[PDB]
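Spelled out from the first residue to the last, the chains are:
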Amino acid sequence: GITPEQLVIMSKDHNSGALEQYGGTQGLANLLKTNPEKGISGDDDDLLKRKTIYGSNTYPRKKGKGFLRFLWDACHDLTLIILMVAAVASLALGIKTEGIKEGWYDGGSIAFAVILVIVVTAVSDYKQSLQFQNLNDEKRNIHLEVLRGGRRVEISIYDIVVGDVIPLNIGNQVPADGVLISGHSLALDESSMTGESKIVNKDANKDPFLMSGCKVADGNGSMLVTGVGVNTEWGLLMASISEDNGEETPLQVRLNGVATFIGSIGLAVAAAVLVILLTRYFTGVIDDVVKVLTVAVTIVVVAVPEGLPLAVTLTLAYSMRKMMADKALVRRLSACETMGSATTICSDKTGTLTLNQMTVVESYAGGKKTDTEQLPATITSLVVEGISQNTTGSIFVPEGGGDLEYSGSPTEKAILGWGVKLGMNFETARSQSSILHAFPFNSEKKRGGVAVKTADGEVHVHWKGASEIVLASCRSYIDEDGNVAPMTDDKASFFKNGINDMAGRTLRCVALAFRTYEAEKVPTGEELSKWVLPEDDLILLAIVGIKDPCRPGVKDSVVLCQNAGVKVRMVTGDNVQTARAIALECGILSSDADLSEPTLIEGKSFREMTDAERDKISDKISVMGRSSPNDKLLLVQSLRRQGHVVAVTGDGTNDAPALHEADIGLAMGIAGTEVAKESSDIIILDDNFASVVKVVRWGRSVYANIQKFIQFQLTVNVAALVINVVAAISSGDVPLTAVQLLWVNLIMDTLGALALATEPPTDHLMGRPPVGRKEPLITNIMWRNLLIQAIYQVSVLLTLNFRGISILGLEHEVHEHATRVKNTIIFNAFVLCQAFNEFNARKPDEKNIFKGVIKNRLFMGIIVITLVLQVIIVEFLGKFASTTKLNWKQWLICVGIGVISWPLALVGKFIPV
Ligand SMILES: [Mg+2]
């Protein structure tokens with residue numbers, strides 16, 4: 001018909017490309033039923049047609065927690081699945097073995113383990129998700145008139161449809177993709193969508209293309225909307241990020257591997273025991289096979305780590321809470337760890353690593369650079385009056401007394417920030433001075449002039465403009481702390497060289513001058529516009545250079561990140577020169593190999609290569625300018641294909657694909673766009689890089705704590721498996737009942753995990769490089785430690801299980817009572833050995849300092865008191881553990897058996913054996 005989605009092609013094509021084939025912006029009128037006076041026909045069918053054919057501006061919104069989804073995700077844990085199958089088996093087998101079919105104590109503990117895991121994960125993730133939903137919800141959209149025949153004024157941005165001409169002013173936000181149909185020096189801030197720091201100047205013929213989700217930095221004009229909804233570049237980017245799948249955290253896969261290994265070992269050994277013992281029974285209605293089967297499922301239960309999911313969830317939740325105590329928010333528990341293993345960090349430039357606000361970086365004043373610092377009073381007074389009386393923009397709340405917020409174009413904002421830094425107060429600066437005449441900033445005439453009648457009789461003429469023309473129009477200057485001085489040829493050459501060097505860097509160049517011409521008044525003149533405002537013999541005050549600078553204290557953070565083995569690179573859509581300058585300032589890119597192709601490549605060069613040939617180079621890309629969002633996605637994909645655990649810190653919508661495809665996507669809390677924050681696993685509410693370093697440290701500490709608990713849990717499981725298997729083959733009885741060890745796993749894990757988690761992160765973790773993504777979760781040192789502890793426990797508990805009635809005093813006064821007492825001694829000595837092994841694991845690979853934290857002591861007291869209560873009283877607690885009362889001598893024997901763990905733990909720590 002007439003632009004049936006050909007308009008998406010028009011926008012896709014190069015700037016000012018393919019728009020001439022359609023007759024230009026005006027030719028596009030009468031197409032899409034657009035009239036410059038009437039953007040919409042009077043009827044509503046004329047709007048429904050645009051809603052249907054060209055779509056609607058509403059973007060679909062993702063929905064989470066639809067129906068207990070997080071509980072299902074928790075249930076999908078592989079180790080948890082092993083636990084569920086073992087739990088069902090044991091419950092049915094025991095309930096048939098006893099035949100009572102009353103109560104749920106036999107499998108109650110094993111069911112409660114997974115129930116607790118599910119509940120804890122669901123609660124923690126629900127809280128985190130709702131908190132993130134509340135925080136990230138930012139009303140960036142600004143509702144405005146649509147300007148179509150003066151009808152349906154002030155409709156929400158979601159009601160704008162293709163074919164209607166909407167107006168845009170300074171500070172507004174471009175709602176939908178469009179082409180400007182008229183304007184007055186309009187200029188957009190596309191840094192959100194394209195990543196270019198400098199504002200883009202839009203013309204009705206040169207660059208007639210306005211992008212959705214853009215901030216109008218300067219000027220104003222009316223624009224025809226072309227793309228709305230998914231058809232927009234914003235919409236298309238949001239569409240190319242929806243699909244998420246094939247993800248598994250390195251920690252998650254490592255835990256799955258360890259759980260699968262231990263579970264397979266347990267299953268194999270239990271099956272061997274079952275087969276051998278059945279052969280013994282048959283040859284060595286029901287034939288007592290049920291008792292053997294309950295023994296076998298008990299062995300299988302003690303084999304698998306029941307409390308591992310509980311401990312990992314508790315550690316991740318505690319570390320997420322501690323991170324949120326800092327100014328970094330983690331969306332999911334798993335992410336809390338994945339950032340520790342990150343091997344490279346790709347950081348946006350505009351918004352991330354740079355304030356994104358133009359401000360003065362250097363300056364000139366009194367014949368000297370005198371960058372920032374504090375200017376002399378004599379020159380400072382004139383400079384501040386000129387900055388106050390020659391700027392259209394103004395500070396938001398000088399009268400109110402709150403934090404100052406600047407307005408106007410980035411040039412005006414930076415000049416005003418400089419004036420404020422110099423000690424200017426806008427309320428008073430504007431006072432004591434009346435603007436007789438004001439010729440504002442003009443594209444035709446670069447300079448901007450003003451006439452200020454100071455409180456004194458004489459009147460000043462201020463000129464703020466481009467450095468070259470202002471300098472050419474001035475023949476004198478105000479030297480430091482002194483009166484006017486003629487500018488000699490050498491001084492003019494010095495100023496011009498300074499301006500040229502300043503322009504060599506990314507920063508722009510704005511110069512201020514003042515002429516003391518007086519004795520005449522603009523009001524006395526018949527017409528203010530007729531005031532020539534003479535431009536001759538000006539006196540230069542201070543040349544000022546304004547650029548988008550690196551965030552404060554970002555170079556040091558990058559230095560720390562690099563020291564931690566985590567390389568940092570920059571992926572940005574800004575031109576190569578600006579990216580190179582900002583990288584050098586921020587420390588990402590060192591001085592050497594600055595211009596080499598691998599060190600910095602443009603987006604087009606990177607994408608030209610095949611996905612196979614985008615990998616031999618992706619390992620060296622330190623900077624990347626003019627990179628499209630798909631090029632950021634390609635870089636992330638290539639880095640991941642090479643085995644990197646890529647983190648991406650970005651703010652704009654262009655970074656959304658890179659954030660999503662990345663292993664760990666970090667998004668700035670305030671600067672970040674809604675799309676970037678949605679696709680990020682962590683959103684940095686600090687808007688700072690020190691928070692990123694802290695997050696890396698917290699992830700490494702989380703991994704260390706998980707490793708320590710894994711050591712402890714493997715010790716417990718491998719001691720109990722041996723004890724039960726040997727006891728079953730030797731006599732057919734299991735000392736460690738299923739419920740006893742289920743309680744041990746549950747309580748000891750849920751308490752010791754957080755007890756070790758109390759260890760605050762230490763800078764030591766930053767010294768070592770990141771984990772290799774392939775090293776086993778259980779390092780050989782942890783294997784030796786857990787093996788030594790498990791061997792000791794096996795030895796003591798087996799010698800007890802076999803000779804305890806004789807070894808323990810008061811031997812066999814009643815055989816059943818003596819057997820129960822011996823089993824209780826074995827069980828609670830096992831518990832105490834586990835507690836003291838937790839003590840050891842708190843500070844591994846060194847001599848224990850034996851100085852715990854208050855919370856650790858409190859939880860040790862809790863463990864001791866709960867164990868003592870469980871053993872000592874058999875009613876309402878200890879019924880299921882089947883434990884008989886113990887006398888003081890027996891309890892002393894148990895605490896001695898536990899204490900013996902510490903010396904051998906130390907010996908194993910200090911001996912490679
Ligand atoms: Mg950005």
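Note on numbering: residues are counted from 1 along each chain in the order of its written sequence, which can differ from the entry, and residues with no coordinates are hidden. Note that the side-chain values use all heavy atoms of the structure and ignore hydrogens as well as water.

If you check the header, you'll see the entry was determined by cryo-EM and the resolution is listed as 3.3 Å.

Asker: Which parts of the structure should I look at to understand helix 18 (residues 576-586)?
Answerer: Note on helix geometry: an α-helix contains 3.6 residues per turn, so any two residues three or four positions apart are oriented the same way. Burial classification: accessible surface area is computed with a 1.4 Å probe over protein chains only, and a residue below 20% of its type maximum counts as buried, one above 50% as exposed, and the rest as partly exposed. Secondary structure elements follow DSSP: runs of H or I of four or more residues count as helices, runs of E of two or more count as strands, with numbering from the N terminus. Every buried residue of helix 18 is accounted for by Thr578, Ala579, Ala581, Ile582, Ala583 and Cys586. Each element contacted by the buried residues of helix 18 is listed here: strand 15 (538-547), helix 17 (555-563), strand 16 (567-571) and strand 17 (623-624). Following helix 18 by one or two positions, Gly587 adopts a phi angle in the positive range, close to 85 degrees. In this analysis, two residues are considered to be in contact whenever any of their non-hydrogen atoms come within 4.5 Å of each other.

Asker: Sorry, what's going on with unusual backbone geometry here?
Answerer: Note on backbone geometry: most residues besides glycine have negative phi, and most peptide bonds are trans. A positive phi is found at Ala18, a non-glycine position, where the angle reads about 75 degrees. Of note, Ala18 is situated in the loop between helix 1 (6-12) and helix 2 (24-27). With relative accessibility at 22%, the residue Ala18 sits in the partly exposed group.

Asker: Is there a simple way to think about the state of the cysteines in this case?
Answerer: Between two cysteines, a covalent bond joining their sulfur atoms is known as a disulfide. Only a pair of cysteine sulfur atoms within 2.5 Å qualifies as a disulfide here. Under the counting rule described, the total for this entry stands at one disulfide. A disulfide bridge connects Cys550 with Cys586, and the sulfur atoms are separated by 2.0 Å. Of this pair, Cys550 sits in the loop between strand 15 and helix 17 while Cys586 sits in helix 18, placing them 36 residues apart in sequence. Across the pair, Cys586 and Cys550 agree in class, each one buried. The thiol of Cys509 is not disulfide-bonded; the next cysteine sulfur, from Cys474, is found 14 Å away.

Asker: Just checking my understanding: could you explain the pattern of salt bridges for this structure?
Answerer: Opposite charge on two side chains permits them to pair, given that their charged atoms come into close proximity. We define a salt bridge as a side-chain nitrogen of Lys or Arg found within 4 Å of a carboxyl oxygen belonging to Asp or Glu. As enumerated under the stated definition, the model contains 24 salt bridges in all. Taking the shortest distance from any N to any O, the salt bridge between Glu480 and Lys368 comes out at 3.8 Å. Remark: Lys368 occurs in the loop between strand 8 (359-363) and helix 12 (377-389) and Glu480 occurs in the loop between strand 12 (474-478) and strand 13 (484-486); sequence separation between them is 112 residues. The class of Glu480 is partly exposed, set by a relative accessible area of 26%. Connected through salt bridges with shared partners, the residues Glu138, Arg140 and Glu674 form a single ionic network.

Asker: Where do I start with the packing of aromatic side chains in this structure?
Answerer: Aromatic rings considered in pairs are described by the distance between their centres and by the relative angle of their planes. Aromatic pairing here means that ring centres of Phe, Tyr or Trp (its six-membered ring) are within 6.5 Å. Orientation follows from the plane angle: under 30 degrees is stacked, over 60 is edge-to-face, and everything else is tilted. Scanning the entire structure with this criterion turns up 15 aromatic pairs. Geometrically, the ring pair formed by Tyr364 and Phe494 is edge-to-face, given 5.9 Å between the ring centres and 65 degrees between the ring planes. Of the two residues, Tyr364 sits in the loop between strand 8 and helix 12 while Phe494 sits in helix 16 (residues 489-504), which places them 130 residues apart along the sequence. Taking relative accessible area as the criterion, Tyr364 reaches 4% and is therefore assigned buried. With 6.2 Å between their ring centres and 15 degrees between their planes, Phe839 and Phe850 make a pair best called stacked. You can see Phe839 sitting in helix 27 (residues 815-842) and its partner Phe850 sitting in the loop between helix 27 and helix 28 (854-872), a full 11 residues away along the chain. Looking at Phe839, the relative accessible area reads 18%, which means it is buried. Classification of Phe850 as exposed rests on a relative accessible area of 53%. Whether a charge sits over a ring comes down to the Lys NZ or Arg CZ being within 6 Å of the ring centre and within 35 degrees of the ring normal. Positioned above the aromatic ring of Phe132 is the side chain of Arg331, whose terminal nitrogen or guanidinium carbon lies 3.9 Å from the ring centre.

Asker: Is there a simple way to explain the sheet that holds strand 17 in this structure?
Answerer: To summarise the sheet geometry, strands pair through backbone hydrogen bonds and adopt either a parallel or an antiparallel arrangement. A pair of strands is labelled paired if DSSP reports no fewer than 2 bridges between them. The strand order 6-20-19-18-7-16-17 describes an open sheet built from seven strands, whose pairing is mixed. Looking at the sheet topology across the chains shown, the edges are occupied by strand 6 (328-330) and strand 17. Pairing of strand 7 (residues 344-347) with strand 16, which is carried by four bridges, proceeds in the parallel orientation. In the strand pairing of strand 16, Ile345 is matched with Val568. Think of each axis as a best-fit line through the C-alpha atoms, taken over the contacting stretch in the case of a helix, with angles from 0 to 180 degrees between the N-to-C directions. The sheet strands contacting helix 20 (residues 629-641) are strand 7, strand 16, strand 17 and strand 18 (646-650), and the helix crosses strand 18 at an angle near 155 degrees. Strand contacts of helix 23 (residues 690-731): strand 6, strand 19 (664-668) and strand 20 (682-684), with the helix running at about 145 degrees to strand 20, the strand carrying the most contacts.

Asker: When you look at the side chain of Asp631 in this model, what are you seeing that I'm missing?
Answerer: Tracing the backbone through its elements, the reader meets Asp631 in helix 20. Apart from the residues within four sequence positions on either side, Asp631 is in contact with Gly603, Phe606, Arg607 and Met624.

Asker: So what exactly am I meant to see when it comes to the UniProt feature "binding site: Mg(2+)" in the protein chain here?
Answerer: UniProt positions are given in the numbering used here, feature names are shortened, and annotations may be inferred rather than shown by experiment. Annotation from UniProt places "binding site: Mg(2+)" at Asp651 and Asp655. Mapping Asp651 onto the fold places it in the loop between strand 18 and helix 21 (656-661). With sequence-adjacent residues up to four places away left out, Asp651 is seen in contact with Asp348, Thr350, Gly351, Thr352, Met668, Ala671, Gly672, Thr673 and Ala676. Of note, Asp655 is situated in the loop between strand 18 and helix 21. Taking the relative accessible area as the measure of exposure, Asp655 reaches 0% and is therefore buried. Those residues in contact with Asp655 that sit more than four places away from it in its chain are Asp348, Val571, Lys632, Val648 and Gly650.

Asker: It is not clear to me how the environment of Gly39 should be interpreted in this structure. Could you clarify?
Answerer: Inspection of the secondary structure puts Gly39 in the loop between helix 2 and helix 3 (45-53). When near neighbours in sequence (up to four residues on either side) are disregarded, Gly39 contacts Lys33, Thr34, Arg50, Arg148, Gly149, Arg151, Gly163, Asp164 and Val165.

Asker: What is the right way to look at the domain arrangement of the protein chain in this model?
Answerer: A common way to state how big an interface is: give the accessible area lost once the parts meet. Each domain span listed reflects an automatic or database assignment of domains. For the protein chain, the assigned domains read domain 1 (6-61 + 161-227), domain 2 (69-127 + 248-323 + 696-910), domain 3 (328-355 + 551-687) and domain 4 (359-547). Computed over C-alpha atoms only, the centres of domain 2 and domain 4 are separated by 75 Å.

Asker: Looking at this structure, how should I read the environment of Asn630?
Answerer: Examined against the element boundaries, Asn630 turns out to sit in helix 20. Through-space distance from the C-alpha of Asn630 to that of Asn856 is 50 Å; in sequence the pair is 226 residues apart.

Asker: Mind showing me how you'd approach the packing of helix 5 (residues 78-98) against helix 6 (residues 105-136) here?
Answerer: Pairs of packed helices are described in terms of their axes, by the angle between the two and the distance that separates them. In the contact formed by helix 5 and helix 6, the axes pass within 8 Å of each other and the chain directions differ by 160 degrees. Relative to helix 6, helix 5 is oriented roughly antiparallel. When the axes of helix 5 and helix 6 are compared, the crossing they make is left-handed. For the pair helix 5 and helix 6, contact is made by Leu80, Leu83, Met84, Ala86, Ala87, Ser90, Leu91, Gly94, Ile95 and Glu98 and by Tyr105, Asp106, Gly107, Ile110, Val114 and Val117, respectively. Think of it as three bins: nonpolar holds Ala, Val, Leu, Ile, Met, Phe, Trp, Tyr, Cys and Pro, charged holds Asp, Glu, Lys and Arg, and polar takes everything else, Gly as well. When grouped by side-chain class, the residues that make up the contact of helix 5 with helix 6 number 11 nonpolar, three polar and two charged. When describing relative orientation, an angle under 35 degrees is termed roughly parallel and one over 145 degrees roughly antiparallel, while 65 to 115 degrees is termed roughly perpendicular and anything else oblique. Whether a crossing is left-handed or right-handed is set by the direction in which the near helix is turned from the far one by less than a right angle, anticlockwise for left-handed and clockwise for right-handed.

Asker: Is there a simple way to explain a negative patch on the surface in this structure?
Answerer: Exposure above 30% relative accessible area and no salt bridge define the residues that can form patches, which grow by joining like charges within 9 Å and nonpolar side chains of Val, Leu, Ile, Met, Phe, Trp and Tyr within 5 Å. Where accessible areas are quoted, they stem from the Shrake-Rupley method and a 1.4 Å probe; at the residue level, only the protein chains shown are allowed to cover. Charge assignment: positive for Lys and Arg, negative for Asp and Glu; neither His nor the chain ends contribute. Each charge is placed at NZ for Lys, CZ for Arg, CG for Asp and CD for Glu. A cluster of acidic residues, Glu243, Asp244, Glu247 and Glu248, forms a negative patch on the protein surface. Along the polypeptide, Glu248 turns up in the loop between helix 7 (233-239) and helix 8 (250-283). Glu248 sits in the exposed class, given a relative accessible area of 52%.

Asker: Where do I start with the packing of helix 17 against helix 23 in this structure?
Answerer: Viewed as axis vectors pointing N to C, helix 17 and helix 23 meet at an angle of 25 degrees, and their least axial separation amounts to 8 Å. With respect to helix 23, the axis of helix 17 lies roughly parallel. Regarding helix 17 and helix 23, the two cross each other, and that crossing is left-handed. Residue-level contacts link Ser557, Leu560 and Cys561 of helix 17 to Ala690, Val692 and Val693 of helix 23. Grouping the amino acids of the contact of helix 17 with helix 23 by side-chain chemistry returns five nonpolar, one polar and no charged.

Asker: What is the right way to look at the pairing of strand 5 (residues 214-227) in this model?
Answerer: Working note: regular strand, side chains alternate between the two faces of the sheet. With 10 of 14 residues buried, strand 5 is to be regarded as a mostly interior element. With four bridges joining them, strand 1 (residues 165-168) and strand 5 adopt antiparallel strand pairing. Across the sheet, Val165 pairs through a bridge with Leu224, a residue of strand 5. In terms of strand pairing, strand 2 (residues 173-174) meets strand 5 through two bridges, oriented antiparallel. Residue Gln173 lies in a different strand from strand 5, and its bridge partner there is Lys215. By the bridge criterion, 10 bridges tie strand 3 (residues 177-189) to strand 5 in an arrangement that is antiparallel. By the bridge assignment for strand 5, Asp177 is matched with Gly227.

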